[PDB]
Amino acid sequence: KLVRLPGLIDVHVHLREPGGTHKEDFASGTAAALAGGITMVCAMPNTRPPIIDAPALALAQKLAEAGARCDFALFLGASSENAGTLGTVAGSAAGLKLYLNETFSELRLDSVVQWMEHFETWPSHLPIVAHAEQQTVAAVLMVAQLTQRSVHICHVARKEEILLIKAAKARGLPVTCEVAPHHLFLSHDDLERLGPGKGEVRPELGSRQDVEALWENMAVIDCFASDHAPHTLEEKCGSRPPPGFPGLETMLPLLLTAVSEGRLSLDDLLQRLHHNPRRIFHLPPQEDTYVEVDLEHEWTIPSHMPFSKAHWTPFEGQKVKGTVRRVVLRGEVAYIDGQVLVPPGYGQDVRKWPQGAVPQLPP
């Protein structure tokens, strides 16, 4: 028998359009999403041009409307120059993304004062998410407290980080977080197989103790999100390997395997890939939308999944139990057993739906 799930949401993907379309584009990346049982994605702003101003957002919105096969929201990115300039378009974005560790120059913040300025100027009712590793988690939490608002921490990867967040939650601080599949299912032990190029990712793969700590502290994890970060094999295996793994097509199969093994429950999964993404990011329901999965079928992850242009995967060789069989999106069959059946452009910007605007107090 098939199990019917609601439309799953991935709040952290890199779809590379504009400007990196050999790595992925809206059409290929959203095909990958649907194949992974994901019907709504939130796309990060570190494209070329990066989504750091109104014109870049407008361009990305049209590229997404024309290419996306599933529904989406687009993040804006914080820069050293745009604090206090995004007020008119802020509500149209998934949220604001801060890159607080490594990134390219356009998104680099050189001072915590710049973080403060963003927390002070970004509308208080809208989401802020951060790439914030190790001590940077504590630092951005401090900025959030000084400015008396919430923050969501992207891809938590370490015992250190999840325990800090746990302590913050115990103090009633408004912080949420997500964890990516590679930080639950891969570790340092896998670097021998992957090699130093393929294995490059930020946050880096953790120790066995890091992975164990994330599982032990599942209660502290609000969301799963792939951090789908496609690069071609040539790039990953070259002289200056970019960090990141593709992950849309493998996330749900990996997690379903863990459900099958009793490592977490189906509800635990659905809180983290549906309900909590909805509530943290104020994402609307999708009418007539559901995913049918098969929990019995055992298979081995191949050297590349069918859809991502990355055309490789760090999970090659892992045995999984769990398969996406069918996806229906807003009343149309979007995916069946390896075939995507909705065209580029079927997808819509959920922030334009009346139910997808973030509620706020009147002026």
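Residues carry their position along the shown sequence, with the first being 1.
Just going by the entry, 118 to 126 versus 222 to 230 on mean CA temperature factor gives the higher value to 118 to 126. Judged by mean Cα B factor in the deposited record, 188 to 196 ranks above the other of 165 to 173 and 188 to 196.
Take 306, 45, 37, 314 and read off each C-alpha B-factor from the entry; 306 has the highest. The residue among 208, 97, 275, 155 whose C-alpha atom has the highest B-factor in the PDB entry is 208. Per the deposited record, the Cα B-factor of residue 8 falls in the lowest third when ranked against the other modelled residues of its chain.
In this PDB entry, residue 88 carries a Cα temperature factor that places it within the highest third of its chain's modelled residues. When the modelled residues of the chain are ordered by their C-alpha B factor, residue 133 lands in the lowest third.
In the deposited entry, the Cα temperature factor of residue 290 sits in the middle third of values across the chain's modelled residues. Remark: residue 352 belongs to the highest third of its chain, ranked by C-alpha B-factor as recorded.
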